[PDB]
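Undergrad: first chunk of the complex, coordinates as they sit in the assembly:
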Amino acid sequence: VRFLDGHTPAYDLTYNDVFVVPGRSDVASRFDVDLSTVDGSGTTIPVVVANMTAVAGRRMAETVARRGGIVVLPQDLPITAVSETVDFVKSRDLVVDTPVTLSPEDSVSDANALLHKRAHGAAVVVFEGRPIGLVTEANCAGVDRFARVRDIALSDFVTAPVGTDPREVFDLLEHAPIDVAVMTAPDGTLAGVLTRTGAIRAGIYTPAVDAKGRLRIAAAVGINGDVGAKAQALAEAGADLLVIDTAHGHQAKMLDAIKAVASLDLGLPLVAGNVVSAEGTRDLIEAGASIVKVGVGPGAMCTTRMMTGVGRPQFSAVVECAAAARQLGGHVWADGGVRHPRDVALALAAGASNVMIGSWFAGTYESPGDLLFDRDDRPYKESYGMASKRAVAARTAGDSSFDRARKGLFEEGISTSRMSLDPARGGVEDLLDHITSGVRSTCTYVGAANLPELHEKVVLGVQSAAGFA
Amino acid sequence: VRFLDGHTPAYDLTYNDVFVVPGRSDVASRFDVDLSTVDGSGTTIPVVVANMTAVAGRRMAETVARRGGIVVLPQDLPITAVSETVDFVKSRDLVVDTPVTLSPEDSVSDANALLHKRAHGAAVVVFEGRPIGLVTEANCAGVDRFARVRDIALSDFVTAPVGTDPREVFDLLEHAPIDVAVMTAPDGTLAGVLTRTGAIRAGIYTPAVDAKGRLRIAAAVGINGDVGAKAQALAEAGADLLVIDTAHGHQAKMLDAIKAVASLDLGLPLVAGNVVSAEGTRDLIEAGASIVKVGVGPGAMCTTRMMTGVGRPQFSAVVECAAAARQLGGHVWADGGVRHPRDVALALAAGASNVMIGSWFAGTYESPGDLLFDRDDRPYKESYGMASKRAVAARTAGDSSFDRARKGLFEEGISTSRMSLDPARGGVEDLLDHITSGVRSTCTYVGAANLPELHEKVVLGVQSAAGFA
């Protein structure tokens, strides 16, 4: 990277200690920017969803993959569930989305509970596979709790055939009372749903697909047990990317696991982490990893940094790791608690080929967790970090209760977090457009048409802490 | 600029990281300081009002121009409205101010609503053009809401002829029950109003006027469409200054627009922005711009800096841009969210020929927006940044709803802000005197009689962030 003259700080830099200086630009608008990645993951946007139990679901995976991103499934998930989720994701369409199906005999409470897990705002009542009507919010509210779906269902709705151009659908929905545009297969049965915003997004985001034209998806593995067997099973299960993640990735056990997985030669890229040192990046790459995750205790007040004085500011760590990987011909991923689009933009400018997003996406409809309401009626969803204490306890396989309790004694608390959900941008796509708009604006300001040029022609600076007063 | 020995920081500086060291002074008082600018804008004070829809009105323009400042009208305003506003501003007097005219049949609520858009605190009832009386606050309050103006109007008021010396008016108002001093033309009809504070200010501030003796005013243009046609139309409409503004001013499109406007040779100075780099300043000046705006993402927690890691601290950017412009024989303007008089003083000391003020003036009576009251009865006025989403959507001309929604998807939220109004200093002049007093005190401390000497003989220093604890 390039810094302004005289900017040679005597400390590591974080995202709050740097800024991007605008330069000569030839890009007309944001849409003239290509966000495709060159790390081999096949993502058309620099967004990856973290392998967190409270975030990495099936609806989340489908929604993110349809918009060009990728998702890594939790490493503790059973193999059968992993295969089922992979099949479900790869069985979806690239243009239309799976709506919520409600039985006419279902209760109003169950109706709204099943309604609030998608961003469409409506659910389709299905009888033998054919739509009868739509039920929306403010229609099931204020009515008797003993009522049923059939007593509030609206039989008038928009219908279009599959294969219709998104522009035609948007034009049709210009006077529709409900923005939903449920689509029926030529047989007549439900074959997905479309929305005007979804129709618009269909022309902006290029879905990420494999050689078979199916949405890509990733799975995670640990460093305990037979790593090679689990990796091979996941590869046979349909996983496109494999991630080996742990708190400290520079230990010899991770090197052994990486060598074991690379020996099988599954023909897929390997993502290993996390390290914050150039030596760790080189060691991981030489072990047979093509992508290296970065970020250990990136926050100055995070749990890891309070428990241990171990960590590193994200910006300098990413810069050094990316430089080492490029020297060795690899790529890096920028983990470490992304919270604003500025984080994604600066991570990309520092040299990261992709960015990993965790707890931010927890507070969304598409997340696997159930939607909760606080004392002030404001929606929220709980977060449990990488995994819950029960999850790791089960991950420790069959062991005597004495050994399990002995191992869990040193384990810290669950550290559950209540992730608020923004009413205006509660959908996952409502955050993806935000992040992509930020990145595109950064690219236009720099004057780069794609991420490699963004990294090549970026000029950075350093600011003091007096500007935050 | 000059810094103390040993002050060579390894980072860009902001307004909180610098201070002015007092030096030998020969200036007796603040009034012995000349605040005239040399940028060619004709302003007698270093204050310019930003081209914001919620700030740049007609009353605001008149009030600011009467006190020596200038105002830039919004770029999205219709040409007919621009011409009407220019004619209204140029048809005003340089000493007396236009009061509020109330019909005797008007309602009390309408009376106070029309009263609260001026700082005089009184409104003149007009019948065939002759005053009958005055209505003030606390007179229409506590009465029946069905009452009318004639039922609360006070027929006793002070009257003086036009052309009377302000000192005589102030002496006359020494025992007047109401400080208002409504002035009648020799015919008898209303020809403006005067106030003791206004009379005093008439002897301090020199109004900014053109060769015809009429108040100056400015208009803004974009970089989309036929820039030359709009610039020529505005010049013919009576605009004195032209401003070409966009988020990123170093792009080739801005250079093309500047060349197009300069080719017509309208005989007016051109203000272009915004840039934070010396290269951008040189490119803009060589393209045919005499004044360059500065400031992109100046705050470390602003919307631009959170969405993108793009920006620069205001002080260093202003210093570098001013140095480049002086090397090329130009001038610069200091934008970037002025909030305290310290900002204006430091911007002037850094080398800026003028300062641009935006959202600060939104919370004033003279602003075009309507006055609102919060839950705690405290007055406030809303702010919408440079323009509202509807404004830019209309600015995109006639386009299909699909394209408009597609373009607006990446657009961020309205980001409306509730700008509180200070009861003690709610008037625009009540902020202008504050800012000018700060600047004059800075000049006396430095020991400079005018802004060029302020820039020439200023000594600065650097402080750490530990002083803000």
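TA: Perfect, thanks for sending it. Numbers count the residues shown, from 1 in each chain, chains lettered A, B, ... in the order given.
Undergrad: Show me which residues of stretch A:217-233 are buried.
TA: A:217-221, A:223, A:227-228, A:230-231, A:233 (16 or more other Cβ atoms under 10 Å in any protein chain shown). Yep, even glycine has a C-beta here, placed from its N, CA and C like the rest.
Undergrad: hang on, I meant stretch A:108-116
TA: Those would be A:108, A:111-112, A:114-116, for stretch A:108-116 by 16+ other Cβ under 10 Å.
Undergrad: Chain B: which of the residues you listed is nearest?
TA: residue A:116 (22.6 Å; Cβ to the nearest Cβ).
Undergrad: how about the residues of the stretch 151-300 of chain A that lie near chain B?
TA: The stretch 151-300 of chain A comes close to chain B at residues A:167, A:170-171, A:174, A:196-197, A:200-201, A:203-204, as judged by Cβ under 8 Å from any Cβ of the partner chain.
Undergrad: Mind putting those into a markdown table with secondary structure and neighbour count?
TA: Shown next, in a markdown table, are these (DSSP: H, G, I helix; E, B strand; the rest coil; neighbours: other Cβ atoms under 10 Å in any protein chain shown):
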| residue | secondary structure | neighbour count |
| --- | --- | --- |
| A:167 | helix | 16 |
| A:170 | helix | 25 |
| A:171 | helix | 15 |
| A:174 | coil | 9 |
| A:196 | helix | 21 |
| A:197 | helix | 19 |
| A:200 | helix | 22 |
| A:201 | helix | 18 |
| A:203 | coil | 14 |
| A:204 | coil | 15 |
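Undergrad: Spatially, which two of the residues you listed are the most separated?
TA: A:174 and A:204 (19.6 Å; Cβ to Cβ).
Undergrad: rewinding a little: could you tell me which of the buried residues of stretch A:108-116 belong to helices?
TA: A:108, A:111-112, A:114-115 (DSSP state H).
Undergrad: to the structure above, add chain C:
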Amino acid sequence: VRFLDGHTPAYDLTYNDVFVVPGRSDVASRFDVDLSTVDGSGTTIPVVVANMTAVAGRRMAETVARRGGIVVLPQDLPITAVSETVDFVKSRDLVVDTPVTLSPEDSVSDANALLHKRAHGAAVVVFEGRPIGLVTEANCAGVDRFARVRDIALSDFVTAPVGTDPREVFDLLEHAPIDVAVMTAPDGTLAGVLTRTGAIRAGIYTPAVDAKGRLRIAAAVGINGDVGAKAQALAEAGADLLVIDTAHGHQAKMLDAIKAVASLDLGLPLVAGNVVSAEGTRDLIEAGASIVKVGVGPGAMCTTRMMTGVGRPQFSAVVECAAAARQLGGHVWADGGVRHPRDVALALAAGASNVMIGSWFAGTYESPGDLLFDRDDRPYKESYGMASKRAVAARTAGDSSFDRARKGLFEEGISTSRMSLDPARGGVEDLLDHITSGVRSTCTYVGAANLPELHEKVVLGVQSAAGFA
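TA: Below, chain C sits with the chains from the block before:
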């Protein structure tokens, strides 16, 4: 009236000290009850709106008269305004209602302010008299305050010709996105609006009309000045009913005024009040009054009862006055602060031919006052009793300020009241249906098909104060 055996209380009774005992009933449903009055006022429901400045408006008069009620205009209103209001009311239709007309150039704030004075929830934009579209709440909210009507107007709306059956309109609006059903004259211009609820009510309420088929309306007069001249002028102005009202109606001045008005023989019924004694009722009737108002200081904690120990419980006063009037062949009206439908039902059962409603209707959209919002955003409207202090001061004609202040010294305070507006039932009709439903349920419980039978076959009881603990 009939009381249960042994109920001979040693005190006057109020509405809280009595109840109606159900009896044998042959009425099937509420709709089988006739609410027509026999007092000669021509009202089809036992509801009369009090002559209060904050209630008796023009929209209020139209809305109440369309539903079978009558309204008495304030006595302090100018004769020209009275004639204009009478013409406006008599120029309206008996089926459709006058909507709100908004100019396309009007502001959003003005749009919603003009929208919130009617219960339809929508306003019609008019250009040369032809509708272009509809603007509703939640459409003008959340948008730029600088926007205009044309920028938010919806051009799609329901249209039907005048004369269409209300049942057809209701059937048409079954799938309409907006419940409004604006009606166009055969020429094409606006000729009123209709609503599904309004269409339903058109078949329940019989509008009150005179011999010419126009909506009836009433006006009030005082006892000061030339009462005969004002009464004759109001009769010529189109007023249908004349009311002579004052705090104490048994004084000789009221008798003189009644004799003066009756001498002219205007051919209209005379309503005089207020009295609470049988002697006062007889004296007022013999003076030439066909209807006598009842109720002086009816509340035990009202302003009149706190200032003076003068008053009487409403129930016993109404019973005695009605008995005296029936003995003399007259009728009585039940004033005295109606707040619940129980009050109307008990007043009718006691022998009152009609009921007068005052401050209750102040908190409605149709009231002349402007809608206000409190600290908790809850809507409300101010009340000023019979008249404001300014109103009575002006009513005292042209007198020296000394005499006016001397007369107003003993006058109590304005006693303004903040009448809350119920969001669910904010419309006047939304209270009329409530009151009429209460009265119809009372009639069904008693077993009476009309008010005379309600008075004839009612059995009452007495309860102690221990039931309110």
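Undergrad: Which strand or helix spans the residue in the stretch 151-300 of chain A that chain C sits nearest to?
TA: Here the residue of the stretch 151-300 of chain A nearest chain C is residue A:177; by Cβ to the nearest Cβ that distance is 4.6 Å. Under DSSP states H and E, no helix or strand contains residue A:177.
Undergrad: pretty sure it contacts residue C:176?
TA: No - here residue A:177 lies out of contact with residue C:176, judged by Cβ atoms under 8 Å, at a distance of 9.2 Å.
Undergrad: Kindly report the residues of the stretch 351-469 of chain A close to chain B.
TA: A:424, A:433-434, A:436-442, A:444-447, A:461-469.
Undergrad: could you redo the last one with a cut-off of 7 Å?
TA: Residues of the stretch 351-469 of chain A lying close to chain B (Cβ under 7 Å from any Cβ of the partner chain) are A:433, A:437-438, A:440-442, A:444-445, A:461-469.
Undergrad: Show the buried residues in these.
TA: Buried, going by 16+ other Cβ under 10 Å: A:433, A:437-438, A:440-442, A:444-445, A:461-467, out of those.
Undergrad: pretty sure residue A:105 is in a strand, no?
TA: No - counting by DSSP: H, G, I helix; E, B strand; the rest coil, residue A:105 falls outside a strand, being coil.
Undergrad: Around residue A:261, count how many other residues there are.
TA: Using other Cβ atoms under 10 Å in any protein chain shown, the number of residues around residue A:261 comes to 25.
Undergrad: for it, what are its contacts?
TA: A:227-228, A:231, A:242, A:244, A:270 (Cβ atoms under 7 Å, 6 or more residues apart in numbering or on different chains).
Undergrad: Near chain C, which residues of chain A? Just list them.
TA: Counting by Cβ under 7 Å from any Cβ, chain A sits next to chain C at A:156, A:175, A:177.
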